[PDB]
Amino acid sequence: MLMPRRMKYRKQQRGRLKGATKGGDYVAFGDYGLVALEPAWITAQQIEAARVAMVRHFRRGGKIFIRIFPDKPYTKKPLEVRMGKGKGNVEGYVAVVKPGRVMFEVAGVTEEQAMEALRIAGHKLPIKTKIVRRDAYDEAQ
Amino acid sequence: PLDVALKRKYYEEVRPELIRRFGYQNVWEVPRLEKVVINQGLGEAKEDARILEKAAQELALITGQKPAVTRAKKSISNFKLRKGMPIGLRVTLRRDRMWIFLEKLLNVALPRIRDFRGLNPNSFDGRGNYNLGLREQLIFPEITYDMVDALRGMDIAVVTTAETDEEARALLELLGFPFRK
Amino acid sequence: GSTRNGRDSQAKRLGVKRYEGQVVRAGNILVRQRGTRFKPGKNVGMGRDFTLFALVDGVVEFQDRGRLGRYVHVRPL
Amino acid sequence: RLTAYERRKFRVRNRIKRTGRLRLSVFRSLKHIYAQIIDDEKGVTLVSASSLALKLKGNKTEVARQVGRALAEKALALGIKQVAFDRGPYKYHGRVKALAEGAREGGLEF
Amino acid sequence: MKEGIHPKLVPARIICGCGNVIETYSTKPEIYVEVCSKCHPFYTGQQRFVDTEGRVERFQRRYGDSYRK
Amino acid sequence: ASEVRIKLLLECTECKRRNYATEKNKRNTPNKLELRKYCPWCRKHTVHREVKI
RNA sequence: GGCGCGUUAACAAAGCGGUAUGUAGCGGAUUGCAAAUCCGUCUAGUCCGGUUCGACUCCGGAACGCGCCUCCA
RNA sequence: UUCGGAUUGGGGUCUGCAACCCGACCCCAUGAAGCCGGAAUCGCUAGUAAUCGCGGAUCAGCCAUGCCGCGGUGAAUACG
RNA sequence: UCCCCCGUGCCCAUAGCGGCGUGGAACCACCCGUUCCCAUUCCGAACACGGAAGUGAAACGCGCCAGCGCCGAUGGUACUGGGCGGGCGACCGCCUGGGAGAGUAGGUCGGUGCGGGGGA
RNA sequence: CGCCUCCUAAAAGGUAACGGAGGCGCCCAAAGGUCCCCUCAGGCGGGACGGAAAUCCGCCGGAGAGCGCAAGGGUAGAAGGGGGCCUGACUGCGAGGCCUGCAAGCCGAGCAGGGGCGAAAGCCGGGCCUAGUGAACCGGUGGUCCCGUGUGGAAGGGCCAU
RNA sequence: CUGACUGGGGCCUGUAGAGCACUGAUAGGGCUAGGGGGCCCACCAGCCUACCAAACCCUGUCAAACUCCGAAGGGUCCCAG
Ligand SMILES: [K+]
Ligand SMILES: [K+]
Ligand SMILES: [K+]
Ligand SMILES: [K+]
Ligand SMILES: [K+]
Ligand SMILES: [Mg+2]
Ligand SMILES: [Mg+2]
Ligand SMILES: [Mg+2]
Ligand SMILES: [Mg+2]
Ligand SMILES: [Mg+2]
Ligand SMILES: [Mg+2]
Ligand SMILES: [Mg+2]
Ligand SMILES: [Mg+2]
Ligand SMILES: [Mg+2]
Ligand SMILES: [Mg+2]
Ligand SMILES: [Mg+2]
Ligand SMILES: [Mg+2]
Ligand SMILES: [Mg+2]
Ligand SMILES: [Mg+2]
Ligand SMILES: [Mg+2]
Ligand SMILES: [Mg+2]
Ligand SMILES: [Mg+2]
Ligand SMILES: [Mg+2]
Ligand SMILES: [Mg+2]
Ligand SMILES: [Mg+2]
Ligand SMILES: [Mg+2]
Ligand SMILES: [Mg+2]
Ligand SMILES: [Mg+2]
Ligand SMILES: [Mg+2]
Ligand SMILES: [Mg+2]
Ligand SMILES: [Mg+2]
Ligand SMILES: [Mg+2]
Ligand SMILES: [Mg+2]
Ligand SMILES: [Mg+2]
Ligand SMILES: [Mg+2]
Ligand SMILES: [Mg+2]
Ligand SMILES: [Mg+2]
Ligand SMILES: [Mg+2]
Ligand SMILES: [Mg+2]
Ligand SMILES: [Mg+2]
Ligand SMILES: [Mg+2]
Ligand SMILES: [Mg+2]
Ligand SMILES: [Mg+2]
Ligand SMILES: [Mg+2]
Ligand SMILES: [Mg+2]
Ligand SMILES: [Mg+2]
Ligand SMILES: [Mg+2]
Ligand SMILES: [Mg+2]
Ligand SMILES: [Mg+2]
Ligand SMILES: [Mg+2]
Ligand SMILES: [Mg+2]
Ligand SMILES: [Mg+2]
Ligand SMILES: [Mg+2]
Ligand SMILES: [Mg+2]
Ligand SMILES: [Mg+2]
Ligand SMILES: [Mg+2]
Ligand SMILES: [Mg+2]
Ligand SMILES: [Mg+2]
Ligand SMILES: [Mg+2]
Ligand SMILES: [Mg+2]
Ligand SMILES: [Mg+2]
Ligand SMILES: [Mg+2]
Ligand SMILES: [Mg+2]
Ligand SMILES: [Mg+2]
Ligand SMILES: [Mg+2]
Ligand SMILES: [Mg+2]
Ligand SMILES: [Mg+2]
Ligand SMILES: [Mg+2]
Ligand SMILES: [Mg+2]
Ligand SMILES: [Mg+2]
Ligand SMILES: [Mg+2]
Ligand SMILES: [Mg+2]
Ligand SMILES: [Mg+2]
Ligand SMILES: [Mg+2]
Ligand SMILES: [Mg+2]
Ligand SMILES: [Mg+2]
Ligand SMILES: [Mg+2]
Ligand SMILES: [Mg+2]
Ligand SMILES: [Mg+2]
Ligand SMILES: [Mg+2]
Ligand SMILES: [Mg+2]
Ligand SMILES: [Mg+2]
Ligand SMILES: [Mg+2]
Ligand SMILES: [Mg+2]
Ligand SMILES: [Mg+2]
Ligand SMILES: [Mg+2]
Ligand SMILES: [Mg+2]
Ligand SMILES: [Mg+2]
Ligand SMILES: [Mg+2]
Ligand SMILES: [Mg+2]
Ligand SMILES: [Mg+2]
Ligand SMILES: [Mg+2]
Ligand SMILES: [Mg+2]
Ligand SMILES: [Mg+2]
Ligand SMILES: [Mg+2]
Ligand SMILES: [Mg+2]
Ligand SMILES: [Mg+2]
Ligand SMILES: [Mg+2]
Ligand SMILES: [Mg+2]
Ligand SMILES: [Mg+2]
Ligand SMILES: [Mg+2]
Ligand SMILES: [Mg+2]
Ligand SMILES: [Mg+2]
Ligand SMILES: [Zn+2]
Ligand SMILES: [Zn+2]
C-alpha cells in the first residue's frame with residue numbers, strides 16, 4: 001500500500017474536485033492505459049486492489065505502471081463522538097483524480113491481455129473509466 | 001633588496017631555459033614564484049597549554065617573520081575543541097624572504113630529513129602549485145637540540161604563476177626541488 | 001487538536017497607505033511594511049520599523065528599478 | 001561577482017548621493033589625478049579639472065594640491081560653493097587628501 | 001614590516017661537514033650542519049651507501065653446482 | 001528583568017540627583033556603571049554612577 | 001475514550017547535556033569435595049525523527065506496560 | 001641502565017642418508033616483559049638452609065633449566 | 001560632424017555565463033622600490049607613497065560566435081466579472097465582456113546621456 | 001483564557017469554529033552610536049601528526065550562509081565579519097500621519113540645550129523588523145520648595161523621577 | 001452637489017489557473033558515494049546482484065501553511081456624468 005514516507009503536515013483540508021486533469025493526460029510509458037472519466041478520491045486500497053488484479057491476470061509477463069500516488073491524508077472522527085474537539089485522526093491516503101487522468105499503463109502484453117486486465121482493474125475503482133492505446137497524439141505531446 | 005643567490009639563479013639559468021622548453025612569446029608568460037605560506041596545525045594548544053608561544057618563537061627564527069594565530073571556526077566534540085580557540089599558526093613569505101627560506105630548505109633542511117628519497121611528484125595542485133609536509137622542525141639550521149621541547153611539523157604551500165602542473169614542475173626542478181622517480 | 005492548537009495574533013493592517021498621484025503633506029505615512037519591500041526614494045524617509053514617510057508636501061510616485069528594488073518618491077509641487 | 005574595490009566604491013558613493021549635494025568625484029591613476037563636479041539629479045558634469053589638461057608635473061601630492069586649486073577657482077566663477085567630497089575607493093589620505101585641501105584652500109565649502 | 005616583533009636577519013654562513021660553505025641571510029651569523037645538498041647521497045647521483053649489492057636475492061649465487069647436473 | 005538582570009538608577013556625581021533609569025546584568029557587569037550623561041539640573045554633561053533602585 | 005506515569009545490562013533497581021549499586025556470571029585462592037568465605041574481573045539505556053559542538057539524559061511520534069475517571073438521566 | 005636476555009633478521013660450524021614441520025652451538029644486528037610480586041602457599045634445626053661450580057647414566061647429535069651424585073664458601077633461630 | 005581612450009550616470013540580463021580574435025602612439029593597468037606619509041590580528045598580498053627598466057602576459061577596453069542563459073509572439077486553451085440553464089450528488093453546459101501559465105515561431109553576445117584627453 | 005508568526009482569509013484592509021501548525025512572559029554594557037576595513041554556505045584538488053569534519057593553499061561558486069531565541073518578511077551596492085574612538089540606551093518639545101468604539105498601540109521630519117564619531121558631506125532620542133507584557137487605587141524611596149488650618153515653624157500633602 | 005452607481009486615467013495586490021526556479025512529496029529507467037549477501041579472502045582487492053539506496057541524467061507527477069509566473073476582479077486617488 002502506498003503512502004508518503006515523510007510529510008510536512010499531517011492533516012489537509014478537504015479541497016475541491018473541479019476542472020479537468022492538470023497533468024498526466026497522455027500515455028507516456030506503456031502501450032495501453034486506463035483513463036478516468038469523472039473526478040474522485042481514489043484510496044490506496046483501491047489502487048492496490050486494481051494493481052494485484054492485473055498482476056494475477058498477467059501470468060509470467062507484463063509490466064505495470066501506476067501513474068497516480070495517494071499523497072493526500074484522509075481523516076475520520078471516532079465512532080460515537082460529537083462535533084468539535086479538533087480535527088479527526090488520519091485513517092488513510094487518497095489520490096485526487098480528475099477527468100482525463102491516465103491512472104495505469106501496461107506493457108509487454110498482447111492486445112487481448114491488456115484489454116481484459118484493464119477491464120478487471122476498472123471494476124475495482126469507484127469511477128467510470130475507458131481503455132486507451134498509445135497513438136500519435138501521445139507522441140506529439 | 002638583498003642579493004639572494006636563489007633569486008639570482010632564477011633570473012640567470014632558469015628563465016632562459018624555461019622559454020627554450022615551452023616557447024613563451026611574452027616575458028611575463030614564464031612562471032614566476034608568488035609566495036610561500038607555512039602553516040602549523042598545532043591543535044594541542046587549544047586549552048591544555050598556551051604552548052603557542054614556544055612555537056611562535058621557533059617559527060620566527062626559521063623564517064625571520066613572526067607568524068599569526070589561526071582560530072577555530074566552529075566547535076567539534078570529537079576533537080574536544082571550541083569555536084574561537086587558537087589551534088594553529090601561519091606565516092606568509094614574499095619577495096626576498098621567500099627566496100631566502102627556499103634556499104635554506106633546498107640546501108640545509110631537506111638533506112637533514114631522515115631517509116630522504118626525494119619529493120612527491122604527485123603532490124602538484126593541478127593548477128600550478130605545490131605542497132609538501134614536514135614532520136620535524138629541528139632540520140632547520142637555526143634550530144638546535146637544546147631549545148627543542150616538543151616535536152612539531154608543518155605544511156609548506158608554494159604558489160606559482162604557472163597555469164599547469166607541467167610548467168610548474170619544470171620551474172621547481174631547475175630551482176632545485178629533488179623529486180622521486 | 002482543540003488542545004494543541006487554537007492560537008493566533010492580531011492582524012497588523014500593513015500595506016501601502018498612499019498610492020501614486022495622491023497629494024501628501026510632510027510626515028504622511030506612505031507604506032507600512034516588514035523589511036524593505038519598498039525603498040525610500042527622493043524626499044522619503046524610513047523609520048526604525050521600515051515605515052516610509054514623506055519629508056515634504058507633494059505627489060506620491062512609485063518606481064520599479066528591477067534588481068535595484070521598488071522605490072517610492074515624493075515630487076514637490 | 002564584485003571585488004573589494006567595487007564594493008568599496010558603491011558603499012562610499014551611496015552615502016554621498018543620499019545627501020543631495022553636488023559631489024566632487026576624484027579619480028587617481030598611477031600617473032595623474034582627475035576631479036569632476038557632478039549633479040546627480042540631472043546626471044551632468046558642471047566643472048572638471050585634472051593634471052593631464054593643466055600639464056602639471058612634479059611630486060604627485062604637490063601636483064594634486066594644484067589641481068584642487070584650479071577646480072576651486074573654476075567652480076566659484078560658475079556660482080558653486082557647496083559640494084560633497086566623494087573619495088570613491090581611495091582612502092582619505094595622500095594624493096586624494098591633497099586635492100581636497102587644495103579645493104578647500106581655493107574657496108569651496110565642504 | 002612591523003617593528004619590534006620580527007627577528008632582524010643578518011648575513012650568515014652555513015658550514016657543512018664536507019667543508020661546504022653556503023652564503024645566505026639568517027638570524028644566526030654562523031651555523032654548522034652535518035649534511036648538505038652537495039654531499040647527501042640522494043643528490044650526488046647515487047653515492048651508494050653501505051647497501052650497494054642490489055640485495056642479490058635471486059639465484060645469483062649458483063650455490064656450488066659441484067653436485068651432479 | 002530577572003534576579004541576575006536588575007534595574008538601576010544613574011546618579012549625577014556633581015549634584016547627586018537621579019536622572020536616568022536603566023538595567024544591566026550584574027554577573028556580566030559586576031562593577032558599577034559609569035557613563036557620561038546630560039544633567040538637566042547642571043545643564044551640561046557629567047559623569048553619572050549606578051545607584052540602587 | 002480522557003488524564004498521569006514508566007521502558008537501563010543476567011535479574012532487581014539509581015543519578016547524570018560531556019564522568020551506579022546489590023545479588024549473579026567468569027578467572028584465581030581455600031577445601032578430600034560442594035556450599036560459605038577471600039582476591040580479581042565483568043555484560044547497557046524499547047524503536048524512529050528532531051534540538052545540540054555533544055543525547056541513556058532535552059523535545060515530537062510509535063509500540064508495550066501500569067494507575068485513576070467515565071456521571072444526571 | 002655496561003641491569004635483564006625474551007623475540008626476530010642475517011652470516012656460519014657440527015652430528016646425522018636427511019636439521020622445513022622439529023637439533024645443538026659460534027658471530028653480527030635486534031634489546032621485549034620485568035623496579036621484588038593479591039588472596040595465599042613451600043622448604044629447612046648445622047657443615048643444615050642459602051649460594052658457587054664439577055661429574056655421571058641415557059646418548060650419532062640433542063631440545064638436561066630434568067635426574068642421580070660431588071665437593072667450595074657458609075648463616076639465623078627454637079622463648080614455648 | 002567621425003573614430004579611439006578615460007571618468008561618471010540612466011534603462012535593469014535582448015545588458016549575462018562561456019568560446020575565439022585584437023588594442024600600448026595616448027590613456028589605463030601590470031610593473032620598479034619601500035627613505036618618506038601610511039599599513040599588515042604575519043606578509044608593501046591589501047591600503048599608501050616615491051618613480052619610469054620592462055610588458056600588454058594578467059586585468060581592462062573593443063570585435064565575432066546563439067552552446068547555455070535571458071526575452072518572446074500569433075493562434076488556441078485554462079480561469080473568470082455579469083447574465084442564464086442542467087445534474088441525486090461529486091460537478092457540468094450556454095450567452096456577453098476580459099483573458100493567462102506552459103509550449104511553438106522567433107529575438108538577443110546591449111541601448112543611451114554628460115564631461116575630459118587625443119587623432120583625423 | 002494575554003501576546004507574537006504562518007495558514008484557513010475568497011490577489012486592498014478586516015473576517016469565525018473545542019479549525020491546521022509553532023513560539024513569548026527574555027536578553028545585550030555590547031548584541032548600543034559613529035568612522036574605517038572586510039564578505040558567505042557549499043563543492044573539487046593539494047598538504048606532518050589529522051580523521052566525514054580542526055588549521056593551510058588553489059579553483060569554481062550571487063546568496064542555497066549569517067543576522068541571540070518561533071515563524072514570516074527583509075538583507076552582501078549589508079541589516080552579516082573585524083577593528084579605533086565613544087554613551088544619542090540624551091534633556092525640552094514636536095508639524096504631520098498610521099491604527100482605532102473607548103482606552104491604548106505605532107511612525108516621525110524639524111527647532112533649542114549640551115554632546116559622540118567623522119577631513120567632510122553627514123549620522124546618532126538603543127537593538128534588521130514584527131512577541132519579552134499590566135489601567136486605576138493604596139503605599140515606598142530620591143528630588144522640588146508648591147500648599148502648610150490665628151502667626152513662625154513642624155506634622156502631613158502636592159508636583160517631578162522611580 | 002459633495003451621494004450610491006457609472007466613464008476615463010494612474011498606482012496597490014498574489015487568489016483562480018498554471019508551473020517546478022525554491023521547500024517538501026513522488027513513478028519508471030540510466031549512471032553510481034555508501035549498504036545486504038556474494039567468487040571470497042584478511043597477506044591485499046576487484047567482482048558478482050532479477051535485493052536497497054546519495055548526488056547526477058532522461059522521462060512523468062503533487063501541494064491550505066511551495067512559487068520562476070499570474071488573471072478576471074477588487075481597493076484607492078484625480079477628473080466627468
Ligand atoms: K468502475
Ligand atoms: K540636537
Ligand atoms: K454633481
Ligand atoms: K520542485
Ligand atoms: K481604478
Ligand atoms: Mg471542508
Ligand atoms: Mg478535494
Ligand atoms: Mg505537465
Ligand atoms: Mg475526511
Ligand atoms: Mg472539528
Ligand atoms: Mg475528521
Ligand atoms: Mg487528476
Ligand atoms: Mg598557480
Ligand atoms: Mg501547534
Ligand atoms: Mg501557547
Ligand atoms: Mg485567525
Ligand atoms: Mg486582529
Ligand atoms: Mg494575524
Ligand atoms: Mg500594499
Ligand atoms: Mg532599528
Ligand atoms: Mg568622501
Ligand atoms: Mg529613561
Ligand atoms: Mg530489568
Ligand atoms: Mg550508570
Ligand atoms: Mg555491579
Ligand atoms: Mg563476583
Ligand atoms: Mg568463582
Ligand atoms: Mg570444602
Ligand atoms: Mg567449587
Ligand atoms: Mg566461591
Ligand atoms: Mg447533571
Ligand atoms: Mg642494557
Ligand atoms: Mg629438525
Ligand atoms: Mg614496561
Ligand atoms: Mg631501577
Ligand atoms: Mg596454593
Ligand atoms: Mg628435626
Ligand atoms: Mg626448567
Ligand atoms: Mg572608462
Ligand atoms: Mg528581464
Ligand atoms: Mg624604513
Ligand atoms: Mg590579457
Ligand atoms: Mg502558434
Ligand atoms: Mg500565446
Ligand atoms: Mg493570447
Ligand atoms: Mg466561470
Ligand atoms: Mg463567462
Ligand atoms: Mg471568483
Ligand atoms: Mg461569472
Ligand atoms: Mg472572452
Ligand atoms: Mg497563455
Ligand atoms: Mg504567454
Ligand atoms: Mg547574449
Ligand atoms: Mg479572556
Ligand atoms: Mg499579555
Ligand atoms: Mg478579497
Ligand atoms: Mg492595495
Ligand atoms: Mg487580504
Ligand atoms: Mg462574526
Ligand atoms: Mg456570528
Ligand atoms: Mg477550547
Ligand atoms: Mg480558530
Ligand atoms: Mg511559529
Ligand atoms: Mg511556547
Ligand atoms: Mg510575550
Ligand atoms: Mg547590557
Ligand atoms: Mg542586536
Ligand atoms: Mg548592530
Ligand atoms: Mg537564508
Ligand atoms: Mg528556539
Ligand atoms: Mg528571516
Ligand atoms: Mg542573504
Ligand atoms: Mg558582493
Ligand atoms: Mg564599534
Ligand atoms: Mg544624556
Ligand atoms: Mg485613539
Ligand atoms: Mg528627529
Ligand atoms: Mg553635532
Ligand atoms: Mg539607534
Ligand atoms: Mg511579521
Ligand atoms: Mg514578534
Ligand atoms: Mg523587553
Ligand atoms: Mg478600589
Ligand atoms: Mg496614593
Ligand atoms: Mg500613590
Ligand atoms: Mg522627598
Ligand atoms: Mg482654625
Ligand atoms: Mg500655622
Ligand atoms: Mg510657617
Ligand atoms: Mg511632605
Ligand atoms: Mg514632598
Ligand atoms: Mg510624586
Ligand atoms: Mg509624576
Ligand atoms: Mg490551484
Ligand atoms: Mg506558473
Ligand atoms: Mg506528493
Ligand atoms: Mg530515480
Ligand atoms: Mg502540480
Ligand atoms: Mg490543488
Ligand atoms: Mg497545482
Ligand atoms: Mg508560503
Ligand atoms: Mg498557491
Ligand atoms: Mg461631480
Ligand atoms: Zn656537505
Ligand atoms: Zn547634576
Side-chain angles (χ1 to χ4, degrees), chain A residues 4 8-9 11 13 17 23-24 28-29 39 65-67 69 71 84-87, chain B residues 26-29 37 39 41 43 65-68 70 72 76-77 79 81 87-88 90-92 94 123 125-127 129 131 133-135 153-155 157 159, chain C residues 2 5 9 11 13 15-17 19-22 25-29 32 34-36 45 47 49-51 53 55 62 65-68, chain D residues 4 7 10-11 14 16 19 21 25 27 29 34 36 38 43-45 48 50 52-53 84-85 91-94 100 110, chain E residues 2, chain F residues 5 9 17-18 21-22 24 29 33 35-38 40 43-45 53:
Chain A
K8 251 203 288 221
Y9 304 104
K11 302 181 189 188
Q13 291 164 348
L17 286 193
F29 297 97
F65 298 91
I66 300 153
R67 292 197 74 189
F69 189 87
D71 52 339
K85 286 207 203 294
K87 199 172 168 74
Chain B
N26 216 285
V27 93
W28 304 92
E29 281 180 44
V37 185
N39 165 60
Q65 231 181 261
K66 193 197 148 214
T70 53
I76 317 165
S77 299
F79 309 151
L81 124 150
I87 53 133
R90 174 211 34 200
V91 61
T92 328
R94 301 170 198 268
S123 283
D125 200 6
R127 287 200 139 84
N129 309 295
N131 296 97
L134 268 48
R135 281 132 40 103
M154 49 181 86
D155 323 290
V159 187
Chain C
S2 80
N5 303 323
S9 65
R13 284 94 166 146
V16 169
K17 299 314 179 172
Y19 309 95
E20 174 166 284
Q22 291 190 239
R25 293 175 78 180
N28 276 356
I29 291 205
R32 295 282 213 179
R34 301 275 181 257
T36 52
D49 67 338
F50 297 93
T51 304
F53 58 96
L55 293 181
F62 282 69
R65 284 182 97 205
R67 55 154 185 118
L68 299 169
Chain D
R7 282 185 283 267
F10 274 141
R11 159 170 92 242
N14 280 344
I16 295 324
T19 68
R21 280 196 174 194
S25 196
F27 174 65
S29 64
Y34 315 71
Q36 326 188 221
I38 300 173
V44 294
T45 293
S48 72
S50 76
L52 198 85
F85 189 78
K91 163 170 144 104
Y92 183 79
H93 181 79
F110 67 93
Chain E
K2 272 183 197 199
Chain F
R5 186 157 271 287
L9 297 175
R17 296 193 184 87
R18 285 85 181 267
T22 184
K24 83 169 184 171
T29 314
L33 259 168
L35 295 157
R36 272 179 83 255
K37 315 281 291 170
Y38 188 73
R43 292 212 84 210
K44 80 174 195 291
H45 272 83
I53 214 159

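Order of the sequence lines fixes the chain letters, A, B, ..., with proteins taken first and strands second; residue numbering starts at 1 for each chain.
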Sugar-phosphate only, base, or nothing, as touched by A/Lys11 at under 4.0 Å among non-hydrogen atoms: base

B/S/- contact track for nucleotides 115-128 of chain J, protein heavy atom under 4.0 Å: S---BBBSS---SB

Whole-angstrom distance between J/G68 and J/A31, as gauged at atom P: 11 Å

Straight-line distance of B/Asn39 CG to B/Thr92 OG1, nearest 0.5 Å: 10.0 Å

Nucleotides J/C67 and J/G62 paired (Watson-Crick or wobble, under 3.5 Å): no

Identified pairing partner of J/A9, criterion: Watson-Crick or G-U wobble below 3.5 Å: none

Interatomic distance at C1', J/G46 relative to J/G62, whole Å: 27 Å

Touch class at under 4.0 angstrom, heavy-atom based, for A/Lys87 against every strand present: sugar-phosphate

Where the chi angle of J/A63 falls, syn if within 90° of 0 and anti if not: anti

Partner nucleotide, any strand, of H/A50 [Watson-Crick/G-U, under 3.5 Å]: H/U73

Rounded interatomic separation in angstrom, taking CG from B/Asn26 and P from I/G24: 13 Å

Spacing between F/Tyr38 atom OH and J/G113 atom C1', to the nearest angstrom: 4 Å

Ring-base stacking, A/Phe65 with K/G60 (5.5 Å, 30° cut-offs): no

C1'-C2'-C3'-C4' based pucker assignment for J/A16: north

Touch class at under 4.0 angstrom, heavy-atom based, for C/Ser9 against every strand present: base

Gap between atoms CG and P, on C/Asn5 and J/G23 respectively (whole Å): 11 Å

OP1 or OP2 of J/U100 under 4.0 Å from side-chain N/O of C/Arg13: yes

Of D/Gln36 and A/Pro39, the one whose closest RNA chain I nucleotide lies more 5': D/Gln36

OP1 or OP2 of J/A89 under 4.0 Å from side-chain N/O of F/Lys37: no

Touch class at under 4.0 angstrom, heavy-atom based, for A/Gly24 against every strand present: sugar-phosphate

I/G106 versus I/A66 - spacing of their P atoms, nearest Å: 14 Å

Contact check, side chains of F/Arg43 and F/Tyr38, non-hydrogen atoms, under 4.5 Å: yes

H/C68: pairing nucleotide in any strand, Watson-Crick or G-U under 3.5 angstrom: H/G55

Touch class at under 4.0 angstrom, heavy-atom based, for D/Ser50 against every strand present: nothing

Watson-Crick or G-U wobble pair, I/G54 with I/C30, both distances under 3.5 Å: yes

Comparing D/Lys91 and B/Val27 on RNA chain I - which has the more 5′ nearest nucleotide: D/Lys91

Residue pair J/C117 and J/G122, Watson-Crick or G-U wobble, under 3.5 Å both: yes

Pair present between I/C42 and I/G76, Watson-Crick or G-U, 3.5 Å cut-off: no

Paired nucleotide for K/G24 [Watson-Crick or G-U wobble; both distances under 3.5 Å]: K/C62

Sugar-phosphate only, base, or nothing, as touched by A/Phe29 at under 4.0 Å among non-hydrogen atoms: base

Pairing partner of I/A45 (Watson-Crick or G-U wobble, both distances under 3.5 Å): none

K/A71, syn or anti by chi within 90 degrees of zero: anti

Touch class at under 4.0 angstrom, heavy-atom based, for B/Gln65 against every strand present: base

Parallel, tilted or perpendicular, as decided by the 30° and 60° cut-offs, for the rings of D/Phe85 and D/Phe110: parallel

Conformer about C1'-N of J/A30 - syn within 90° of 0, anti elsewhere: syn

Neighbour stacking check for J/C137 and J/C138, 5.5 angstrom and 30 degree cut-offs: yes

Opposite nucleotide pairing with J/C93, Watson-Crick or G-U, both atom distances under 3.5 Å: J/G110

Nucleotide forming a Watson-Crick or wobble pair with H/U7, both distances under 3.5 Å: none

Sugar-phosphate, base or nothing in reach of B/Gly126, heavy atoms under 4.0 Å: nothing

H/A32 and H/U58 base-paired, Watson-Crick or G-U, both contacts under 3.5 Å: no

J/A54 base stacked by B/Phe79 (centroids within less than 5.5 Å, tilt under 30°): yes

Under 3.5 Å for both distances: I/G56 and I/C28 as a Watson-Crick or G-U pair: yes

G-U wobble or Watson-Crick pair formed by I/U22 and I/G67 (both under 3.5 Å): no

Distance, P atom - from J/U162 to J/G92, rounded to whole angstrom: 10 Å

Watson-Crick or G-U counterpart of H/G16, or none if no pair lies under 3.5 Å: none

Sugar-phosphate, base or nothing in reach of B/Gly133, heavy atoms under 4.0 Å: sugar-phosphate

Distance, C1' atom - from J/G127 to J/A30, rounded to whole angstrom: 10 Å

Touch class at under 4.0 angstrom, heavy-atom based, for D/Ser48 against every strand present: sugar-phosphate

Pair test for I/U112 and I/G93: Watson-Crick or G-U wobble, both under 3.5 Å: no

Residue pair I/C20 and I/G63, Watson-Crick or G-U wobble, under 3.5 Å both: yes

Inter-nucleotide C1' distance (H/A19, H/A24), Å rounded: 10 Å

I/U34 vs I/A48: Watson-Crick/wobble pairing, cut-off under 3.5 Å: yes

Sugar-phosphate only, base, or nothing, as touched by F/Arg18 at under 4.0 Å among non-hydrogen atoms: sugar-phosphate

Sugar-phosphate only, base, or nothing, as touched by B/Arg127 at under 4.0 Å among non-hydrogen atoms: sugar-phosphate

Sugar-phosphate only, base, or nothing, as touched by B/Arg94 at under 4.0 Å among non-hydrogen atoms: base

Euclidean distance, atom NE2 of residue D/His93 to atom P of I/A39 [Å, nearest integer]: 8 Å

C1'-based separation of K/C22 from K/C39 [nearest Å]: 48 Å

Sugar-phosphate only, base, or nothing, as touched by C/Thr51 at under 4.0 Å among non-hydrogen atoms: sugar-phosphate

P-based separation of H/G66 from H/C52 [nearest Å]: 13 Å

Short side-chain N/O contact to J/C37 OP1/OP2 from D/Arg11, under 4.0 Å: yes

